[PDB]
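Given as structure tokens, the chain that follows is alone and in the form deposited in one PDB entry.
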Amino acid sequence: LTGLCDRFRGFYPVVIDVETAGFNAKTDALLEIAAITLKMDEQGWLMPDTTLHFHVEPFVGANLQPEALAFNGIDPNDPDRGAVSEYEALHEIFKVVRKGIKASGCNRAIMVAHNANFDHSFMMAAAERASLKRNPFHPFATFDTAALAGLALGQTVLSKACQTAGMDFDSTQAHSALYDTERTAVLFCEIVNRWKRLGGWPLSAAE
């Protein structure tokens, strides 16, 4: 291929997972976020690059759903969380992403996530509140690993997709931002690498 900028029409894939206090991106709090950039080796194989992870303070006036907190087991009132503002978390992620875009020769970043619209809507909403400028992510395009796993593995559930792909998946570590992002990143890389392995990529190898 072999360069990352040539693989997805100049899009720089960044794996994202968020933990929230509900399903409403407009009103519910962002509590946690992890980001994993990708890279290709000289042979053209995809693999994780830089990993970021932040605990996030609920923005002022945010709604908190008890059922959501019960699911992710996150206590926003814990002073020992080490949480930062949405601004600080996303500002650092954007900085690393813009740096990755520049070095790779890509044009823009695209979010890779499982059921990606969820994570995308929450990140865009948080960027709006924090008044962040020059959002390096595509405003509506995403790489949904649920759809990709549907094609590649015939499974749409993250746990099952990883297992089907022959990956390790610990249910005791599941539903945590860093672990979910890492497993999603490996899943996405495996799907992409498998397609190359089967001769589906490059298009000349599609033959």
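Heads up: residue numbers just count along the shown sequence, starting at 1. In this text, rigid core is short for the largest set of C-alphas that superpose within 1.5 Å between two forms. Shifts are known only where both forms have a C-alpha.
Only in words, not in the display: the form deposited in another entry, which the text now covers.
Enquirer: So which one of 158, 46, 64, 178 actually moves, Cα shift of 2 Å or more between the shown form and the other one once the core is superposed?
Expert: Among the listed residues, the one whose C-alpha moves by 2 Å or more is 64.
Enquirer: Checking residue 75 here: with the core superposed, does its CA move 2 Å or more between the shown form and the other one?
Expert: Yes; residue 75 is a residue whose C-alpha shifts (by 2 Å or more) between the shown form and the other one when the cores are overlaid.
Enquirer: Provide the ranges, sorted by sequence, of consecutive runs with at least 3 residues in which each Cα shifts 2 Å or more between the shown form and the other one, based on a superposition on the core.
Expert: Segment displaced between the shown form and the other one after core fit: 64 to 75 only.
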